[PDB]
Every structure is written in structure tokens, then in C-alpha cells.
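Trainee: Input: one structure, supplied below.
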DNA sequence: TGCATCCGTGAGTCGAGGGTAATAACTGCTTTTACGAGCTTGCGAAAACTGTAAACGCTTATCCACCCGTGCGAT
């Protein structure tokens, strides 16, 4: 089994469990590998990062929880690896170039 | 020294059903008291509006250290 089949399984590993507290100590242990070694092979298969991409699906989930659900900004961050919305609102100007308040207005 | 008038006594719980009636003047005249009518203050409400330290949600400016963007290495 080549490693390009490993990371193909890893793209369906998280697509249901980004609302869960999913950390690297779960992803590495339930893959059969170590904590660091999964990140070296992750570059040569999809050209992007791993610890930011789980945020990139988490910040994708916050936008589809804002354009559909009435949940506030402060405690969507509580389930997605943040302890407050102060940093969680800040990276959204990097990921989608918008404010977490301004997305729901422009339809 | 009787004799004659007089004041003061006379069980206790309950009970039922209730309260009266005879008879008595008219007039003109003058002073006091009440009853409704109509105001005057004033007092408790409704409906607006001008001063402050927090007043509901929410962005940034920072600092920093867990983690690890990757590379290269461990047997």
C-alpha cells in the first residue's frame, strides 16, 4: 500500500469529524504511525499543510454554520480548538478575506 | 315592756320563643342649616426627552509559548 493511498484515506478521515475535538494525538495514534512522521509524508502528496488544513476545514465549517445556523461567533470557537473568539475571528481575514460578522449580511 | 310598723331574705345549670301602645292645634313670621352648583389649586400619571459608567452582541493592537510550516537527521 503506497502512501498516496494513505492520504487519500486521510481526506475522508476528517470530513465527518471536524466538529469533534480532533487533535494530532488522535490522528497519529489511529493511523499506525507516530506524532511527527505523518507530517513529512503529507507534503509530498498534496503540496499543502496538515495542521493548518484541519483549521481550513474548521474555518470552512464555521462559514457553513454561519450561513445556515444562528449560532454566535464566541462559542463556535469553543468547539473548534479555541478558548475565545479573539483569535478565531482574526484568521478569517486570511482564510476567506472577510469578517465573521460581514459574511452573513452579503447574500 | 311589750306593742305595731317596717326592712330584707328566699338553690343551680340550662332551655324555647319575641316585643307594645292611649293621645295631644292651628296660624303667620323670622332665623338657621342643609343640598346642589360651580370654581380653584394640587397632586398623582402619562408621554416625551437631555446627562454617564458600564451597557447587550462584536473587530483590532500586542506579547508569548504549547503545538509543529517544512527541511535534514535517529536503528
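Residue numbers (full-length UniProt numbering): 1 to 107. All residues carry an ideal CB built from backbone N, CA and C; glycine is no exception.
Can you tell me whether residue 115 is buried or exposed, with buried defined as 16 or more other CB within 10 angstroms of its CB?
Mentor: Since the first residue shown for the chain is 1 and the last is 107, residue 115 is missing from the structure and cannot be characterised.
Trainee: Assign residue 42 to buried or exposed, taking buried as 16 or more other Cβ atoms, counted over all protein chains shown, within 10 Å of its Cβ.
Mentor: buried
Trainee: Please return the same chain residues whose Cβ sits closer than 6 Å to the Cβ of residue 3, not counting the five positions on each side in sequence.
Mentor: Correct list, in chain order: 41.
Trainee: Is the beta carbon of residue 108 sitting closer than 8 Å to the one on residue 58?
Mentor: For residue 108 there is no data in the structure shown, the boundaries of the chain being 1 and 107.
Trainee: If I measure Cβ to Cβ from residue 34 and keep anything under 7 Å in the same chain, skipping five residues before and after, which residues do I get?
Mentor: 28
Trainee: Ordered along the chain, which non-local residues of its own chain (more than five positions away) have a Cβ less than 7 Å from that of residue 63?
Mentor: Scanning its chain for C-beta atoms nearer than 7 Å, with the 5 sequence neighbours on each side dropped, one finds around residue 63 the residues 96, 103, in chain order.
Trainee: Would you list, in sequence order, the uninterrupted alpha helix (DSSP H) runs of no fewer than 4 residues that lie entirely inside the UniProt domain "HTH araC/xylS-type" (8-106)?
Mentor: 24-27, 37-46, 53-64, 73-76, 85-88, 92-95
Trainee: Between the Cα of residue 105 and those of 45, 74, 66, 47, spot the shortest distance and give me the residue it belongs to.
Mentor: 66
Trainee: Taking buried to mean at least 16 other C-beta atoms within 10 Å of its own C-beta, is residue 74 buried or exposed?
Mentor: exposed
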